[PDB]
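Both ligands and their constituent atoms are indexed starting at 1 by order of listing. Side chains included, hydrogens not; waters and symmetry mates left out as well; all remaining heavy atoms used. For the single chain, residues carry numbers from 1 onward in sequence order.
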Amino acid sequence: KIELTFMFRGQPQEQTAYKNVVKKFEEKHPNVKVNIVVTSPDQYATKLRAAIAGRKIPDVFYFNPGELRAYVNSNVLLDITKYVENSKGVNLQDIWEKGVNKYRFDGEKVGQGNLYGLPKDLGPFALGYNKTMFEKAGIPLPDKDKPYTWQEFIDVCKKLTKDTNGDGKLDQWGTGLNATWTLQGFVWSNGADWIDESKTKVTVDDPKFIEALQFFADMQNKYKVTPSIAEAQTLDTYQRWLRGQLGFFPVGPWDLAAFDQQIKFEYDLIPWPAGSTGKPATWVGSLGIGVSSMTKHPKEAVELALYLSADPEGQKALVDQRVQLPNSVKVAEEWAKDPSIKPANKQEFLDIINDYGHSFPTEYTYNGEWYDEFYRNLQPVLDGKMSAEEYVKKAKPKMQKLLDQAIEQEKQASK
Ligand SMILES: OC[C@@H]1O[C@@H](OC[C@@H]2O[C@@H](OC[C@@H]3O[C@@H](O)[C@H](O)[C@H]3O)[C@H](O)[C@H]2O)[C@H](O)[C@H]1O
Ligand SMILES: [Ca+2]
């Protein structure tokens, strides 16, 4: 008799897994029907923005932690605190505190107070390597604790870059990193960031940032340890990693089902190479599961969010289907130690969460437009047509204007 709309995003394997788990919810609650709206990850922001702009908000939906404050100011997210407290058996205290706190807001600041969502997951972005490739090449395996230096990383990547079938053409490469998702770790481990400590000033013109960005671009253009510009256009580097053509590529827990299906070589996880700080860095992602402030069925909507986020049955199903690591800390710790479940160094995911993982800079700001502007015109740097130094000088004032506007807009919307 009750109908809920559940809006979310995922790669094909994630869509299938969540659709399966929603069906399990519907078996458990036969009086609730869940109507699904699902998109690809890149489509999602646009489609959710449109829903909110028209005030036709789905009952339950994914959202970005960087939108939490804006969504509260505009009365988008229901305060679900009391529903979560009253629910049978639920124990959020078992869930990653880092995850739960991203969706708490006390009226002034994030991290404390009322719950406005539940964590879908934590998404530590690890570095994988192709063990099959290393062993066929006779290269000593990477250490699972001590990061490569940047120069050591380039050195091994060069050794891996070769013509393996002897037709005279390179057909295997050290790596092929996507700047959108992998620049951050090089920037951070080199002691830089997109913004200052106060999160109000753009700092991409820091020499440490420039060094990190130029190093990144140089992997393709100078050190030549990646497919060429044309080769990556022909077949993108994620696909080339699946086919066993690349030595190194990132791995998120959401990748595991796709990798189970398509990757035939042995791979394992390692820390990211470290810049001047000598400490590895990468991001820990998260999405929240929120409830529409205007839902006609808040109890059932929170029950769906809880089933996906915290319920041991719903959680076990998601972990079994290899699209995330457990939200329960104790379950995650014994998961990581189970050697029958690969990669062998699953533990690296937990090390990222507990130690060297950072948030995206936009998680700190009222909106992300300032950061999107950095990436919007970045490709000429990546393709060697413009220096890192020249680009960040040009981008910085455009970014700063947008950031200033985000800051002002928060002041206005929170009045
Ligand atoms: O193009 C290959 C894909 O890109 C890289 O992933 C980057 C993006 O991460 C996934 O989203 C993960 C979720 O967002 C996190 O905040 C949350 O913790 C996760 O559930 C998107 O599907 C990707 O576009 C990887 O190399 C590969 O998956
Ligand atoms: Ca060849």
Side-chain angles (χ1 to χ4, degrees), residues 8-18 38-45 48 62-68 95-96 98-100 102-103 117-129 160-173 175-185 227-228 231-232 235-246 248-263 267 269 272 282-289 308-309 315 318-319 321-327 332 349 352-353 357-363 368 375:
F8 77 109
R9 39 158 274 180
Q11 303 189 20
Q13 301 73 23
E14 296 175 281
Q15 297 196 8
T16 298
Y18 273 90
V38 72
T39 77
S40 80
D42 291 328
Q43 298 158 353
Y44 188 75
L48 182 58
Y62 287 11
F63 68 99
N64 190 289
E67 261 71 69
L68 181 67
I95 307 301
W96 298 102
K98 287 199 170 90
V100 175
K102 291 179 187 296
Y103 309 106
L118 295 168
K120 175 209 178 297
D121 67 24
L122 286 181
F125 202 46
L127 180 54
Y129 74 94
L160 292 159
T161 303
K162 59 205 253 180
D163 165 23
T164 55
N165 73 347
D167 66 4
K169 312 177 185 174
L170 297 172
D171 55 50
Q172 173 180 287
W173 301 268
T175 188
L177 302 175
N178 181 348
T180 300
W181 307 120
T182 60
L183 175 58
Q184 298 79 11
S228 74
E231 282 165 333
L235 182 59
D236 67 62
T237 52
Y238 169 84
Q239 297 296 331
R240 294 187 177 270
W241 162 253
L242 294 177
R243 293 184 70 177
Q245 298 174 14
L246 303 184
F248 298 95
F249 202 77
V251 184
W254 57 93
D255 288 319
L256 291 178
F259 287 3
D260 286 348
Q261 291 171 202
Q262 299 170 90
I263 286 181
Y267 70 100
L269 307 183
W272 287 88
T282 188
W283 50 268
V284 179
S286 192
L287 290 166
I289 309 182
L308 300 178
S309 176
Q315 273 287 293
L318 290 169
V319 173
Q321 289 182 82
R322 296 279 279 174
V323 297
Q324 79 173 248
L325 64 84
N327 277 343
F349 285 133
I352 291 159
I353 293 171
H358 305 239
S359 307
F360 286 97
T362 53
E363 207 172 309
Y375 270 100

Which protein non-hydrogen atom lies closest to [atom], naming both residue and atom, and how far is it?
atom                    : value
atom 11 (O) of ligand 1 : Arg9 NH2, 3.0 Å
atom 3 (C) of ligand 1  : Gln11 NE2, 4.0 Å
atom 2 (C) of ligand 1  : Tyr238 CD1, 3.5 Å
atom 28 (O) of ligand 1 : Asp255 OD1, 2.6 Å
atom 6 (O) of ligand 1  : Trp254 NE1, 3.5 Å
atom 24 (O) of ligand 1 : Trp181 CZ2, 3.9 Å

| salt bridge (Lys or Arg N to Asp or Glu O under 4.0 Å) evaluation trace for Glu231 with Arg240 | CA-CA 10 Å; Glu231 282 165 333; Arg240 294 187 177 270; 5.7 Å; no

Can you list the ligand 1 atoms lying under 4.0 Å from a non-hydrogen atom of [X]?
X      : value
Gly123 : 18 (O)
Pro41  : 22 (O)
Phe249 : 26 (O)

Looking only at N, O or S atoms, which one in [X] sits nearest to the Ca ion (ligand 2)?
X      : answer
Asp171 : OD2
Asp167 : OD1
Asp163 : OD1

Under 3.5 Å, is there a donor-acceptor pair between the side chain of [X] and the main chain of [Y]?
X      : Y      : answer
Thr282 : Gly357 : no
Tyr44  : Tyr62  : yes
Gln239 : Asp236 : no

What's the spacing between [X] [atom1] and [Y] [atom2] if we round to 0.5 Å?
X      : Y      : atom1 : atom2 : answer
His358 : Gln184 : NE2   : CD    : 11.0 Å
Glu67  : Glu363 : CD    : CD    : 10.5 Å
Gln324 : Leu287 : CD    : CG    : 10.5 Å

| query | Of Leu242, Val284, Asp121, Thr237, which has the heavy atom at the shortest distance from atom 18 (O) of ligand 1? | reply |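 Shortest heavy-atom distance from atom 18 (O) of ligand 1: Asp121.
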
| task | Just say parallel, tilted or perpendicular for the rings of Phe249 and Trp241, cut-offs at 30° and 60°. | result |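 Judged by the thresholds at 30° and 60°, the geometry between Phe249 and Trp241 is parallel.
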
| request: Test ring-ring contact (aromatic ring centres under 6.0 Å, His included) on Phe259 and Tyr267 and set out the steps. | output: CA-CA 10 Å; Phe259 287 3; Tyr267 70 100; 5.8 Å; yes

| request: Decide, counting backbone as well as side-chain atoms, whether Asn165 has an N, O or S atom less than 3.0 Å from the Ca ion (ligand 2). | output: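 Looking at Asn165, which is the residue asked about, there is an N, O or S atom under 3.0 Å from the Ca ion (ligand 2).
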
| task | Could you tell me whether the Ca ion (ligand 2) has an N, O or S atom of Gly168 under 3.0 Å away? | result |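 So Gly168 does not count as coordinating the Ca ion (ligand 2).
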
| message | Just checking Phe125 against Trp254, ring centres under 6.0 Å apart? | response |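 Ring centres of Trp254 and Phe125 closer than 6.0 Å.
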
| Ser286 near ligand 1 by a heavy-atom separation under 4.0 Å |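 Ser286: in contact with ligand 1 (<4.0 Å).
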
